[PDB]
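*Asks:* Sharing a structure, written as structure tokens. Questions coming.
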Amino acid sequence: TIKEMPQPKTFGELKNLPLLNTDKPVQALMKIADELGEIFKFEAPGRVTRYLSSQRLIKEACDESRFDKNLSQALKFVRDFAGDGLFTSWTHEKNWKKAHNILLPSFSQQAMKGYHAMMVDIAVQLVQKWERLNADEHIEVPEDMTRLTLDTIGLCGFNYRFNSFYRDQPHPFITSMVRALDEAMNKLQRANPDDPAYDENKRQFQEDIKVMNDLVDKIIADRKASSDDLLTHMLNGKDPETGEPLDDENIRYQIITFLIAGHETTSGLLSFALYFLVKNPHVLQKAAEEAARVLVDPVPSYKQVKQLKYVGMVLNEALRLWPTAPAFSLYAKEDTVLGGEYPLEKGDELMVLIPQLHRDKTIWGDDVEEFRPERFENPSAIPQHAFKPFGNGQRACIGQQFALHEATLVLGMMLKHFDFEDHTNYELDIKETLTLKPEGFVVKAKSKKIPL
Ligand SMILES: CC(C)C1=CC2=CC[C@@H]3[C@](C)(CCC[C@@]3(C)C(=O)N[C@@H](Cc3c[nH]c4ccccc34)C(=O)O)[C@H]2CC1
């Protein structure tokens with residue numbers, strides 16, 4: 001009944017801004033939501049946003065007639081290099097619907113069947129790497145998952161080989177992208193971004209943007225000198241509405257977007273999935289049993305991957321507890337009241353805190369912190385807008401099918417070929433680069449000695 005909104009602790013003139021002066025801002029906002037509940041106001045000089053954590057309010061926020069996708073401050077900083085690519089465009093910019101129409105067919109069932117062989121090429125490189133480890137050598141999990149996911153989007157999307165399994169260090173692309181993301185996350189807490197103490201930060205940022213754009217003009221130059229892949233559709237496809245193709249500036253932004261959006265979160269998903277599987281041995285056993293039963297050939301087929309149902313549920317349960325793109329932003333299209341209590345003005349910003357949404361006890365029950373893939377047996381038994389790891393509506397993840405096909409294929413092959421040991425009894429440490437990923441997660445993989 002027009003309730004007053006809670007607000008976390010303030011720092012005078014800086015309002016709530018210093019609460020983001022941490023290497024783990026999403027984990028900080030989750031603790032605030034635990035303390036303040038389903039909604040709280042966050043204020044900095046010149047800006048306000050309302051953090052939502054309950055399925056009760058988020059099911060309203062997901063009404064596309066009332067709320068559209070907002071560029072959060074984080075996405076405004078990413079737009080410095082991702083421009084009006086699909087992830088960092090407003091819905092009302094011409095290039096959003098145009099690129100959407102042109103690129104959606106690059107995620108058709110026909111398209112996924114076409115990507116499968118190249119996903120297998122990279123997955124086989126991962127399995128061969130682990131088969132070739134010596135006694136008592138370990139696996140650096142997020143490092144190897146990032147090698148796989150970057151190489152997969154490079155090859156499937158652009159017929160480009162990053163060759164990440166030939167490198168003991170990350171590809172220059174990854175090093176520059178991680179630093180750009182870390183700069184973008186860093187600028188969020190930065191009062192007085194014009195301070196000369198940040199002139200080197202700016203210089204380094206521009207440098208990192210130059211590294212990713214050099215690789216893009218090279219992917220483009222490569223293709224020019226001679227495929228039916230994502231890059232084919234970017235260069236040739238026409239929007240059925242206008243009959244127009246994408247312009248060169250936009251195409252560059254889409255390549256940068258798909259290299260970032262198309263691997264970082266999938267590497268996080270695979271890393272968290274393997275973390276929960278080694279921490280939950282009964283779940284690991286059930287998934288390994290399915291992989292053994294289904295993947296009866298040396299090379300997995302598209303159809304077999306579609307039959308790894310329990311592996312698919314493991315991936316959804318990992319996205320429930322640690323959604324690797326952990327927030328999305330909305331703005332009110334008009335004046336509206338939220339849950340009958342919180343009046344909003346046109347333009348008012350909302351932040352969906354996805355990990356908190358996924359811990360709503362009124363949806364999942366009291367065992368909400370438990371890793372239980374069986375929660376996903378029946379999508380009709382899950383309330384509306386309870387599970388939002390790929391965002392909402394027409395602005396939902398275009399790459400969800402690609403990511404889940406790749407992750408199901410790879411996790412299936414991992415569970416078929418190896419037994420895993422949590423040999424250090426790893427303590428979860430979640431590194432934030434806007435996206436979430438376990439840091440320092442290592443395992444030992446004992447070969448089942450099954451040939452490829
Ligand atoms: C690539 C995808 C997965 C991402 C989604 C994100 C959504 C919200 C972000 C993000 C998690 C990074 C950390 C801050 C946070 C939680 C945020 O709300 N920030 C708000 C509010 C804010 C924080 N600091 C600010 C400084 C100035 C202005 C606004 C802000 C914002 O960025 O808009 C960020 C990471 C990148």
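Residue numbering restarts at 1 for every chain of the structure tokens, chains are lettered A, B, ... in their displayed order, and ligands are numbered from 1 as they appear.
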Dump the neighbourhood of ligand 1 as a ChimeraX atom specification: all residues within 6 Å, distances computed on only C-alpha atoms and all ligand atoms.
*Replies:* /A:25-26,72-74,185,188-189,325-328,434-435
*Asks:* Segment 173-182 of chain A: which residues within 10 Å, counting only C-alpha atoms, same-chain residues fewer than 2 positions away excluded, as JSON, numbers by chain?
*Replies:* {"A": [23, 74, 75, 77, 78, 80, 81, 146, 147, 150, 162, 164, 169, 170, 171, 184, 185, 186, 187, 201, 204, 205, 206, 207, 208, 209, 210, 211, 212, 213, 214, 215, 216, 256, 259, 260, 264, 432, 433, 434, 435]}
*Asks:* Any chance you can output those residues with N, CA and C atoms as a short mmCIF file (atom, residue, chain, number, x, y, z; two decimals), in the first residue's frame?
*Replies:*
data_model
loop_
_atom_site.label_atom_id
_atom_site.label_comp_id
_atom_site.auth_asym_id
_atom_site.auth_seq_id
_atom_site.Cartn_x
_atom_site.Cartn_y
_atom_site.Cartn_z
N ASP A 23 35.79 -5.86 -5.26
CA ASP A 23 36.10 -6.76 -6.40
C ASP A 23 34.92 -7.70 -6.65
N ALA A 74 26.98 -0.47 -16.36
CA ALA A 74 27.94 -1.51 -16.83
C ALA A 74 27.83 -1.65 -18.36
N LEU A 75 26.62 -1.75 -18.90
CA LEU A 75 26.48 -1.93 -20.36
C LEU A 75 26.81 -0.64 -21.10
N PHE A 77 29.25 1.29 -20.35
CA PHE A 77 30.74 1.23 -20.41
C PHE A 77 31.16 0.16 -21.42
N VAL A 78 30.46 -0.98 -21.48
CA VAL A 78 30.78 -2.03 -22.48
C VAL A 78 30.50 -1.50 -23.90
N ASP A 80 31.20 1.15 -25.08
CA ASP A 80 32.41 1.83 -25.58
C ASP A 80 33.14 0.95 -26.61
N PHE A 81 33.06 -0.39 -26.54
CA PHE A 81 33.69 -1.27 -27.56
C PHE A 81 32.67 -2.16 -28.28
N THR A 146 37.46 -21.78 -20.73
CA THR A 146 37.57 -20.54 -21.53
C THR A 146 38.30 -20.85 -22.84
N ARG A 147 39.33 -21.70 -22.81
CA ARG A 147 40.00 -22.15 -24.06
C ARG A 147 38.95 -22.77 -24.98
N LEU A 150 35.89 -20.05 -26.14
CA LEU A 150 36.38 -19.04 -27.09
C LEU A 150 36.64 -19.71 -28.44
N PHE A 162 41.40 -19.62 -32.87
CA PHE A 162 42.19 -18.96 -31.80
C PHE A 162 43.33 -19.89 -31.35
N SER A 164 43.55 -21.96 -28.82
CA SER A 164 43.77 -21.68 -27.38
C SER A 164 44.44 -22.88 -26.69
N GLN A 169 49.35 -19.56 -21.98
CA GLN A 169 48.75 -18.27 -21.54
C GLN A 169 47.47 -18.04 -22.33
N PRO A 170 46.52 -17.20 -21.84
CA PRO A 170 45.34 -16.86 -22.64
C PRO A 170 45.68 -16.18 -23.98
N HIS A 171 44.80 -16.33 -24.99
CA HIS A 171 44.89 -15.60 -26.28
C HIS A 171 44.89 -14.11 -25.95
N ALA A 184 35.51 -1.77 -16.94
CA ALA A 184 34.08 -1.40 -16.95
C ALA A 184 33.49 -1.59 -15.54
N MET A 185 33.76 -2.72 -14.88
CA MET A 185 33.19 -3.03 -13.52
C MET A 185 33.71 -2.00 -12.50
N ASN A 186 35.18 -1.58 -12.75
CA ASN A 186 35.94 -0.65 -11.89
C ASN A 186 35.31 0.75 -11.94
N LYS A 187 34.94 1.21 -13.14
CA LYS A 187 34.37 2.57 -13.37
C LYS A 187 33.04 2.73 -12.62
N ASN A 201 44.53 4.27 -16.78
CA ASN A 201 43.36 3.36 -16.92
C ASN A 201 42.70 3.57 -18.29
N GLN A 204 45.07 2.39 -21.19
CA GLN A 204 45.06 0.91 -21.14
C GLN A 204 43.75 0.41 -21.76
N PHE A 205 42.62 0.99 -21.36
CA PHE A 205 41.29 0.70 -21.95
C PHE A 205 41.35 0.79 -23.48
N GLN A 206 41.79 1.93 -24.01
CA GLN A 206 41.87 2.19 -25.47
C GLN A 206 42.75 1.09 -26.08
N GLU A 207 43.85 0.75 -25.40
CA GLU A 207 44.81 -0.29 -25.86
C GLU A 207 44.06 -1.63 -26.00
N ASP A 208 43.35 -2.05 -24.95
CA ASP A 208 42.56 -3.30 -24.94
C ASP A 208 41.54 -3.29 -26.07
N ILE A 209 40.85 -2.16 -26.30
CA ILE A 209 39.86 -2.00 -27.41
C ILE A 209 40.55 -2.15 -28.78
N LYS A 210 41.79 -1.69 -28.89
CA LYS A 210 42.61 -1.80 -30.14
C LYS A 210 42.96 -3.27 -30.41
N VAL A 211 43.28 -4.04 -29.37
CA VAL A 211 43.61 -5.51 -29.46
C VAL A 211 42.40 -6.28 -30.00
N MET A 212 41.21 -6.07 -29.43
CA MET A 212 40.01 -6.84 -29.86
C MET A 212 39.62 -6.42 -31.29
N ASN A 213 39.78 -5.14 -31.65
CA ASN A 213 39.36 -4.63 -33.00
C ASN A 213 40.36 -5.07 -34.07
N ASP A 214 41.65 -5.21 -33.74
CA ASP A 214 42.66 -5.75 -34.67
C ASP A 214 42.23 -7.17 -35.05
N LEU A 215 41.90 -8.01 -34.07
CA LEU A 215 41.45 -9.42 -34.29
C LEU A 215 40.18 -9.43 -35.17
N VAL A 216 39.27 -8.46 -34.98
CA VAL A 216 38.00 -8.39 -35.76
C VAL A 216 38.29 -8.07 -37.23
N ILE A 256 32.62 -8.44 -32.27
CA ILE A 256 33.14 -8.21 -30.90
C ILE A 256 32.11 -8.76 -29.90
N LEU A 259 32.00 -12.64 -29.88
CA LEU A 259 33.22 -13.22 -29.25
C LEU A 259 33.17 -13.08 -27.73
N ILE A 260 32.63 -11.99 -27.23
CA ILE A 260 32.52 -11.80 -25.77
C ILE A 260 31.30 -12.60 -25.28
N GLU A 264 32.17 -16.06 -22.78
CA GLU A 264 32.57 -15.80 -21.37
C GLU A 264 31.56 -16.48 -20.43
N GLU A 432 34.51 -11.80 -10.22
CA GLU A 432 33.55 -10.97 -10.98
C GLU A 432 34.30 -10.14 -12.03
N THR A 433 33.83 -10.24 -13.27
CA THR A 433 34.24 -9.40 -14.43
C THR A 433 32.96 -8.95 -15.13
N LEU A 434 32.05 -8.40 -14.34
CA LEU A 434 30.61 -8.24 -14.66
C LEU A 434 30.01 -9.65 -14.61
N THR A 435 30.49 -10.56 -15.48
CA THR A 435 30.17 -12.01 -15.44
C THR A 435 30.86 -12.71 -14.25
#
*Asks:* Env of residue 92 of chain A: 12 Å cut, atoms = only C-alpha atoms, seq-sep filter 2 positions within chain, self excluded. Answer as JSON, numbers by chain.
*Replies:* {"A": [68, 69, 70, 84, 86, 88, 89, 90, 94, 95, 96, 97, 98, 333, 395]}
*Asks:* Could you check the closest approach to residue 272 of chain A for each of A:381, A:39, A:288, A:321 and tell me which residue wins, using only C-alpha atoms?
*Replies:*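 Closest to residue 272 of chain A of all the choices is A:321.
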*Asks:* Show me, as a tab-separated table, the residues of segment 35-73 of chain A having an atom within 7 Å of segment 345-367 of chain A, each with the closest atom pair and its distance in Å, using only C-alpha atoms.
*Replies:*
residue	atom	partner	partner_atom	distance
A:49	CA	A:349	CA	5.1
A:50	CA	A:350	CA	4.8
A:51	CA	A:351	CA	4.7
A:52	CA	A:352	CA	5.1
A:53	CA	A:357	CA	4.7
A:54	CA	A:357	CA	5.3
A:55	CA	A:357	CA	6.0
*Asks:* Using only C-alpha atoms, which residues sit within 6 Å of residue 157 of chain A once same-chain residues fewer than 4 positions away are excluded, as an NGL selection string?
*Replies:* :A and (153 or 229-230)
*Asks:* Just the alpha helix (DSSP H) stuff from segment 174-333 of chain A, please, per backbone DSSP, written as a PyMOL selection string.
*Replies:* chain A and resi 174-187+199-224+230-236+248-261+264-279+281-294+302-306+309-321
*Asks:* So that I can check the surroundings of segment 106-117 of chain A, please list as a PyMOL selection string every protein, DNA and RNA residue that reaches within 6 Å of it, counting only C-alpha atoms and ignoring chain neighbours fewer than 2 positions away.
*Replies:* chain A and resi 103-104+119-120+156+230
*Asks:* Those selected residues, please, written with C-alpha atoms and delivered as a compact mmCIF listing (two decimals), in the first residue's frame.
*Replies:*
# COMPACT_ATOMS: atom_id res chain seq x y z
CA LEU A 103 21.00 -13.15 -37.20
CA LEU A 104 18.11 -15.16 -35.61
CA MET A 119 31.90 -27.85 -31.66
CA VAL A 120 33.11 -31.51 -31.68
CA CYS A 156 31.58 -22.10 -35.51
CA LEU A 230 27.33 -16.48 -38.43
*Asks:* As a PyMOL selection string, please: the residues near segment 296-300 of chain A (cut-off 7 Å, only C-alpha atoms, same-chain neighbours under 5 positions excluded).
*Replies:* chain A and resi 305+451-452
*Asks:* Which neighbours of residue 227 of chain A fall inside 9 Å, counting only C-alpha atoms, when residues of the same chain fewer than 3 positions from it are skipped, and could you give them as a list in words?
*Replies:*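 Here the answer would be residues 158, 159, 223, 231 and 232 of chain A.
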*Asks:* Let me see the file: selected residues, N, CA, C and O atoms, as a PDB file, in the first residue's frame.
*Replies:*
ATOM      1  N   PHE A 158      32.912 -17.946 -37.167  1.00  0.00           N
ATOM      2  CA  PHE A 158      33.764 -17.060 -38.006  1.00  0.00           C
ATOM      3  C   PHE A 158      34.824 -17.853 -38.776  1.00  0.00           C
ATOM      4  O   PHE A 158      35.627 -17.233 -39.491  1.00  0.00           O
ATOM      5  N   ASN A 159      34.822 -19.171 -38.628  1.00  0.00           N
ATOM      6  CA  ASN A 159      35.836 -20.063 -39.248  1.00  0.00           C
ATOM      7  C   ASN A 159      37.228 -19.529 -38.911  1.00  0.00           C
ATOM      8  O   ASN A 159      38.114 -19.556 -39.797  1.00  0.00           O
ATOM      9  N   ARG A 223      37.883 -13.848 -44.125  1.00  0.00           N
ATOM     10  CA  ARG A 223      36.659 -14.270 -44.857  1.00  0.00           C
ATOM     11  C   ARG A 223      36.603 -13.615 -46.250  1.00  0.00           C
ATOM     12  O   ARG A 223      36.245 -14.339 -47.193  1.00  0.00           O
ATOM     13  N   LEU A 231      29.167 -15.332 -39.550  1.00  0.00           N
ATOM     14  CA  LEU A 231      29.816 -14.248 -40.309  1.00  0.00           C
ATOM     15  C   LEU A 231      29.202 -14.147 -41.710  1.00  0.00           C
ATOM     16  O   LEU A 231      29.042 -13.003 -42.184  1.00  0.00           O
ATOM     17  N   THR A 232      28.852 -15.280 -42.337  1.00  0.00           N
ATOM     18  CA  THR A 232      28.150 -15.291 -43.641  1.00  0.00           C
ATOM     19  C   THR A 232      26.900 -14.407 -43.552  1.00  0.00           C
ATOM     20  O   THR A 232      26.733 -13.540 -44.432  1.00  0.00           O
TER      21      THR A 232
END
*Asks:* Just list the residues in segment 271-380 of chain A DSSP gives strand (DSSP E or B) on the backbone, as a PyMOL selection string.
*Replies:* chain A and resi 327-332+336-338+342-344+349-353
*Asks:* For the residues in that selection, give me N, CA and C atoms as a PDB file, in the first residue's frame.
*Replies:*
ATOM      1  N   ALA A 327      22.832 -10.190 -13.810  1.00  0.00           N
ATOM      2  CA  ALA A 327      21.802  -9.144 -13.711  1.00  0.00           C
ATOM      3  C   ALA A 327      21.402  -8.685 -15.109  1.00  0.00           C
ATOM      4  N   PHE A 328      20.212  -8.136 -15.199  1.00  0.00           N
ATOM      5  CA  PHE A 328      19.761  -7.376 -16.374  1.00  0.00           C
ATOM      6  C   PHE A 328      18.910  -6.222 -15.871  1.00  0.00           C
ATOM      7  N   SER A 329      18.887  -5.177 -16.676  1.00  0.00           N
ATOM      8  CA  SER A 329      18.308  -3.866 -16.323  1.00  0.00           C
ATOM      9  C   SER A 329      17.086  -3.598 -17.206  1.00  0.00           C
ATOM     10  N   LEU A 330      16.074  -2.969 -16.615  1.00  0.00           N
ATOM     11  CA  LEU A 330      14.802  -2.592 -17.275  1.00  0.00           C
ATOM     12  C   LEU A 330      14.512  -1.117 -16.978  1.00  0.00           C
ATOM     13  N   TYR A 331      13.755  -0.453 -17.838  1.00  0.00           N
ATOM     14  CA  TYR A 331      13.198   0.888 -17.525  1.00  0.00           C
ATOM     15  C   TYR A 331      11.689   0.849 -17.741  1.00  0.00           C
ATOM     16  N   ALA A 332      10.971   1.615 -16.934  1.00  0.00           N
ATOM     17  CA  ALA A 332       9.496   1.771 -17.021  1.00  0.00           C
ATOM     18  C   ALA A 332       9.136   2.519 -18.306  1.00  0.00           C
ATOM     19  N   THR A 336       3.718   3.381 -13.687  1.00  0.00           N
ATOM     20  CA  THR A 336       3.125   2.069 -13.330  1.00  0.00           C
ATOM     21  C   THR A 336       3.449   1.858 -11.854  1.00  0.00           C
ATOM     22  N   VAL A 337       2.686   0.988 -11.204  1.00  0.00           N
ATOM     23  CA  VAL A 337       2.915   0.587  -9.789  1.00  0.00           C
ATOM     24  C   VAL A 337       3.381  -0.868  -9.819  1.00  0.00           C
ATOM     25  N   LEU A 338       4.386  -1.176  -9.004  1.00  0.00           N
ATOM     26  CA  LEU A 338       5.058  -2.495  -8.967  1.00  0.00           C
ATOM     27  C   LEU A 338       4.587  -3.260  -7.730  1.00  0.00           C
ATOM     28  N   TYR A 342       4.825  -0.108  -4.964  1.00  0.00           N
ATOM     29  CA  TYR A 342       5.984   0.751  -5.307  1.00  0.00           C
ATOM     30  C   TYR A 342       5.695   1.498  -6.600  1.00  0.00           C
ATOM     31  N   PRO A 343       5.233   2.766  -6.517  1.00  0.00           N
ATOM     32  CA  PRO A 343       4.940   3.551  -7.713  1.00  0.00           C
ATOM     33  C   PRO A 343       6.251   3.884  -8.432  1.00  0.00           C
ATOM     34  N   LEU A 344       6.272   3.721  -9.757  1.00  0.00           N
ATOM     35  CA  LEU A 344       7.411   4.124 -10.613  1.00  0.00           C
ATOM     36  C   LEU A 344       6.934   5.183 -11.606  1.00  0.00           C
ATOM     37  N   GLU A 349      14.510   3.105 -13.478  1.00  0.00           N
ATOM     38  CA  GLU A 349      15.332   1.917 -13.771  1.00  0.00           C
ATOM     39  C   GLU A 349      15.132   0.838 -12.711  1.00  0.00           C
ATOM     40  N   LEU A 350      15.076  -0.412 -13.183  1.00  0.00           N
ATOM     41  CA  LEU A 350      15.055  -1.612 -12.334  1.00  0.00           C
ATOM     42  C   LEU A 350      16.277  -2.454 -12.677  1.00  0.00           C
ATOM     43  N   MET A 351      16.854  -3.095 -11.664  1.00  0.00           N
ATOM     44  CA  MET A 351      17.915  -4.123 -11.842  1.00  0.00           C
ATOM     45  C   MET A 351      17.367  -5.452 -11.329  1.00  0.00           C
ATOM     46  N   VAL A 352      17.371  -6.484 -12.173  1.00  0.00           N
ATOM     47  CA  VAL A 352      17.004  -7.860 -11.760  1.00  0.00           C
ATOM     48  C   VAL A 352      18.263  -8.554 -11.262  1.00  0.00           C
ATOM     49  N   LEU A 353      18.275  -8.898  -9.980  1.00  0.00           N
ATOM     50  CA  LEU A 353      19.423  -9.590  -9.365  1.00  0.00           C
ATOM     51  C   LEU A 353      19.184 -11.097  -9.477  1.00  0.00           C
TER      52      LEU A 353
END
*Asks:* If you measure from atom CA of residue 123 of chain A to atom CA of residue 412 of chain A, what distance in Å do you get, rounded to one decimal?
*Replies:*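 About the pair atom CA of residue 123 of chain A and atom CA of residue 412 of chain A: they are 10.1 Å apart.
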*Asks:* Nearest to residue 388 of chain A: which of A:222, A:290, A:317, A:421 is it, counting only C-alpha atoms?
*Replies:*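 Among the listed residues, A:317 lies closest to residue 388 of chain A.
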*Asks:* With distances taken over only C-alpha atoms, which residue among A:238, A:7, A:130, A:160 lies nearest residue 218 of chain A?
*Replies:* A:160
*Asks:* What does the distance between atom CA of residue 278 of chain A and atom CA of residue 374 of chain A come to in Å, to one decimal place?
*Replies:*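 Straight-line distance from atom CA of residue 278 of chain A to atom CA of residue 374 of chain A works out to 17.1 Å.
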